[PDB]
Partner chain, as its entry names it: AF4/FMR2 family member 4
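Next up is one chain by itself, shown in C-alpha cells, the form solved without the partner chain.
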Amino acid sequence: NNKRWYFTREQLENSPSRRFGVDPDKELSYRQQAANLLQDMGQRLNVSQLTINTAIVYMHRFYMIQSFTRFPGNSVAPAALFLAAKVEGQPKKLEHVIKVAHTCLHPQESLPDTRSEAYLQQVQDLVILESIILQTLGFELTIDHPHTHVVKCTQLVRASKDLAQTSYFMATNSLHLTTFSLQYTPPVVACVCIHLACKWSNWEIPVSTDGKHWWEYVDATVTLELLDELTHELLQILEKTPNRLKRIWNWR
C-alpha cells in the first residue's frame, strides 16, 4: 500500500527487535548508530547526502521487519549504502564499499589480503545482505526525498538563507535521530523541521491575511498541536546529542 511503510506508535513499540528482548531505548540507539555509520561511510565514499538519506530510510524500514538481534547494524549499513548508491545513480564498487566499511569499523586493524578466503567471504556476505534487504523492502526503493519538501517550505515562508540552512539541519538530523520517517509523510516532517527552526531562531511566521497558518498551504492534515508535540520530541533528542546544537547555535 501507500500506508505500508507507515507505522502507528503502538506498532513501533512492538518492533521485531522488541520481540527479541531489546529495549525501546536500546533500539533507538541501534538506529542512531547505523545512521552515523552510513553518514561516515557516505562522506568518505564521496556520495551525496541524498544517497545517504535513502540508505538511512532503507535501514529504518528494514528494521521494522527484521530484528537487530539477527542482523547487526554494522552489517546492514554498508549493504544498505551499497544499494542506495546504485539506486541513486552514484554506484560505488563493491570492493570500495567493503574497504571503506572496514576502515570505519576497524580503524586500527589491517585490511585482509584481497586474495584471501576471509575476504572473498565478506564480499559474498555483503551481496547476500543486499539481497535480503531488497526482499525485505519487497523491492520498493523509490524514496520521497525530504530535502525537496524543505526547500519548498522555506520559499513559502520567505526564509533567510540562515533560516533555510537551519531547517535543512533539522531535517537531516531528524532522519539520524528519530523514527519520524517511519511515522510521518515527508511533507509533514518538513513542516516540523521548519517549525522548530523558526522557534530556535526566534523567527515568527506572519499569520496570513486570511488568518491562515503556513503549514496549511503545505499539508492538510497538519496542525499546530501535532507540530508542537513533534518539534518538542525532536528538540529533546537534539539536546541529548553532544555538539549537534552547537552547529546551529548563534555564537555572537
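Only the largest set of C-alpha atoms that superpose within 1.5 Å between the two forms is called the rigid core. Residue numbers count along the first chain shown, from 1.
Superposing the other copies on the rigid core and comparing 87 to 95 to 148 to 156, farther C-alpha placement in 7 other deposited structures of this protein marks 148 to 156. The segment moving more, judged by mean Cα distance from this form in 7 other deposited structures of this protein after a core overlay, is 139 to 147 among 139 to 147 and 122 to 130.
When the C-alpha B-factors of 179 to 187 and 210 to 218 are averaged, 210 to 218 comes out higher. As recorded in the PDB entry, 9 to 17 is the stretch of 231 to 239 and 9 to 17 with the greater mean C-alpha temperature factor. Within the listed group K99, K161, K93, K86, the record reports its top CA B-factor for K161. Of the candidates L111, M170, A80, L134, the deposited coordinates give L111 the top C-alpha B factor. Ranked by Cα temperature factor within the chain, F68 sits in the middle third according to the deposited record. Per the PDB record, residue ranking by Cα B-factor puts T142 in the lowest third of the chain. Per-chain ranking of the deposited C-alpha B factor places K246 in the lowest third. Looking at the C-alpha B-factors along this chain, the one for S201 belongs to the middle third. Sort the chain's modelled residues by C-alpha temperature factor and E117 lands in the highest third, per the entry.
We do not show the form deposited with the partner chain bound, though everything after this point is about it.
Taken together, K199, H232 and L238 are fully in contact with the partner chain in the bound PDB entry: each brings a heavy atom within 4.5 Å.
When contacts are judged by a 4.5 Å heavy atom cut-off, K161 counts as touching the partner chain in the bound PDB entry. Although the partner is absent here, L111 lies well away from the partner chain in the bound PDB entry, with no heavy atom inside 4.5 Å.
Residue contact check for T166: one or more of its heavy atoms lie within 4.5 Å of the partner chain in the bound PDB entry. The partner chain in the bound PDB entry is not approached by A220, whose heavy atoms all lie more than 4.5 angstroms from it.
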